[PDB]
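Peer 1: Sequence and experimental coordinates follow.
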Amino acid sequence: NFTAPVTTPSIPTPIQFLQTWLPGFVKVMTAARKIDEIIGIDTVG
Amino acid sequence: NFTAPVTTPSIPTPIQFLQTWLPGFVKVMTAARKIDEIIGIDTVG
Amino acid sequence: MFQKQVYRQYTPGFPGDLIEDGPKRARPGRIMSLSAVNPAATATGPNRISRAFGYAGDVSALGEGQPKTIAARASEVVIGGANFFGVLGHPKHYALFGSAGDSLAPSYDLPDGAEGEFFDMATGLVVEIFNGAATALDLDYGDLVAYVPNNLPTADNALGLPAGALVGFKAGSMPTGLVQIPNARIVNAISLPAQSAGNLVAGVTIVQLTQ
């Protein structure tokens, strides 16, 4: 008695539209550069 | 010799973005309703 | 994908949805896992929308020590539990995740551990119903509803029905092993053709009144 549905039944909203992406990116850091803290810096050349 | 990456190497951009969704939605249609053109209507009562 | 045909009228509704507005009772719950089910748990189901779930414990408490915070009255339900909890429904509540890479592929299956809306009673609910036998059946206004449990024995489940599949029988004809939803009635009238274990024709969706 029910008319056969044309589209296959499915959950309506794709997940991609229900995501909030946080501002910015987290950059991967490295070891500190502390040669200037030890022996200073000099410009001679 | 190469330093081991912190993150897993992968294709950067997801298919989530860079994906244009066409405006409007196609809607399933039914058979033609033609009594309004064969005999017309009159809003009475 | 799009309409490959044109029918004289629209379908009255899609399974898991509400057609008639009136007194209704629904509760939230978590989908759990048939694997987590301690006992054998024979009947297997993919958390389909139009299926009748069963209570399988609570997950109110949070933490891992003695002082636990009861954050919410949370129900932890399984697809074919004997203690009927409610028929899953309202597909618009959930998010489509796709199926096997195709993120836009159609899917009526809720992932494990998700949250669903389980109608305990409704004036009108579109449900997929099945045949409890291999013969053709006619369901009318005065017809009852019984859902397949998780522990339905292989001898009783000859047709290989899904885990929480609602069947739909006639007074004094409940397929064996099946457990009945009390006060559940088939409102609209339909016909199911003869089926076999391999074919298992998907019974046409039906308006049902629960309690």
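Peer 2: Ah, there it is. Numbering: from 1, shown residues only, chains lettered A, B, ... in the order given.

Peer 1: State the distance from the residue of chain C found nearest chain A to residue C:129.
Peer 2: Closest to chain A within chain C is residue C:106: 3.6 Å, counting by CB to the nearest CB. For the C-beta atoms, the positions are set from N, CA and C on the backbone; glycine is no exception. Separation of residue C:106 from residue C:129 (CB to CB, to the nearest Å): 21 Å.

Peer 1: after the strand ranked longest in chain C comes which helix or strand?
Peer 2: What stands out as the longest strand in chain C, according to DSSP state E, is strand C:115-127. As assigned by DSSP states H and E, the chain's next helix or strand after strand C:115-127 is strand C:137-139.

Peer 1: the strands in chain C, which residues?
Peer 2: C:25-30, C:52-58, C:61-62, C:69-70, C:75-78, C:84-89, C:95-96, C:115-127, C:137-139, C:144-147, C:179-186, C:190-192, C:206-210.

Peer 1: tell me which strands and helices the third one is in contact with?
Peer 2: Counting contacts by 3 or more CB pairs under 8 Å, 6 or more residues apart in numbering or on different chains; DSSP states H and E, strand C:61-62 packs against strand C:69-70.

Peer 1: May I have the strands that pair with the strand it packs on, each with its orientation?
Peer 2: Strand pairing for strand C:69-70, using DSSP bridges, gives strand C:61-62 (antiparallel).

Peer 1: Tell me how many other residues crowd residue 29.
Peer 2: You didn't pick a chain, so chain A it is. 7 (other CB atoms under 10 Å in any protein chain shown).

Peer 1: that answer is for a different chain, and I need it for chain C
Peer 2: Around residue C:29 there are 25 residues (other CB under 10 Å).

Peer 1: who's in contact with the closest residue to chain C within chain A?
Peer 2: For chain A and chain C, the shortest gap (CB to the nearest CB) falls at residue A:10, measuring 3.6 Å. Each residue near residue A:10 by CB atoms under 8 Å, 6 or more residues apart in numbering or on different chains is listed here: C:91, C:96, C:106, C:107, C:108.

Peer 1: Am I right that the fourth one is in contact with residue C:96?
Peer 2: Okay, so that is residue C:107. Yes - look at residue C:107 against residue C:96 with CB atoms under 8 Å: they come within range, at 6.0 Å.

Peer 1: So for these two, which residues contact both of them?
Peer 2: A:10, A:11.

Peer 1: Name the residue closest to the centre of chain C, please.
Peer 2: The centre of chain C sits closest to residue C:51, judged by CA atoms, centre = their mean, with a distance of 0.7 Å.

Peer 1: ah, wrong one, I meant chain A
Peer 2: Nearest residue to the geometric centre of chain A (CA atoms, centre = their mean): residue A:25, 5.1 Å.

Peer 1: what helix or strand is that one on?
Peer 2: Going by DSSP H and E, residue A:25 is not in any helix or strand.

Peer 1: Pull the contacting residues for residue C:142.
Peer 2: C:171, C:185, C:186.

Peer 1: export those to CSV and tack on neighbour count and distance to residue B:14?
Peer 2: Shown next, in CSV, are the contacts of residue C:142 (neighbours: other CB atoms under 10 Å in any protein chain shown; distance: CB to CB, whole Å):
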residue, neighbour count, distance to residue B:14
C:171, 8, 55
C:185, 15, 48
C:186, 23, 46
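
Peer 1: from these, which is closest to chain B?
Peer 2: residue C:186 (25.8 Å).

Peer 1: partner residues bridging that closest one?
Peer 2: Going by DSSP bridges, residue C:186 is paired in beta bridges with residue C:208.

Peer 1: ok, it touching residue C:145?
Peer 2: Yes - with contacts counted by CB under 8 Å, residue C:186 reaches residue C:145, the gap being 6.5 Å.

Peer 1: what touches both of these two?
Peer 2: Contacts common to residue C:186 and residue C:145, judged by CB under 8 Å, 6+ apart, are C:129, C:168, C:208.

Peer 1: Using JSON lines, lay out those together with distance to residue B:38 and neighbour count.
Peer 2: Formatted as JSON lines, the shared contacts of residue C:186 and residue C:145 follow (distance: CB to CB, whole Å; neighbours: other CB atoms under 10 Å in any protein chain shown):
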{"residue": "C:129", "distance to residue B:38": "40", "neighbour count": "27"}
{"residue": "C:168", "distance to residue B:38": "41", "neighbour count": "26"}
{"residue": "C:208", "distance to residue B:38": "39", "neighbour count": "27"}
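
Peer 1: coming back round to it: around the nearest residue in space to the residue nearest to the centre of chain C that is not next to it in sequence, count how many other residues there are.
Peer 2: Sequence neighbours aside, residue C:164 is the residue nearest to residue C:51 in space, at 3.3 Å (criterion: CB to CB, 6 or more residues apart in numbering or on different chains). Residue C:164: 26 surrounding residues under other CB under 10 Å.
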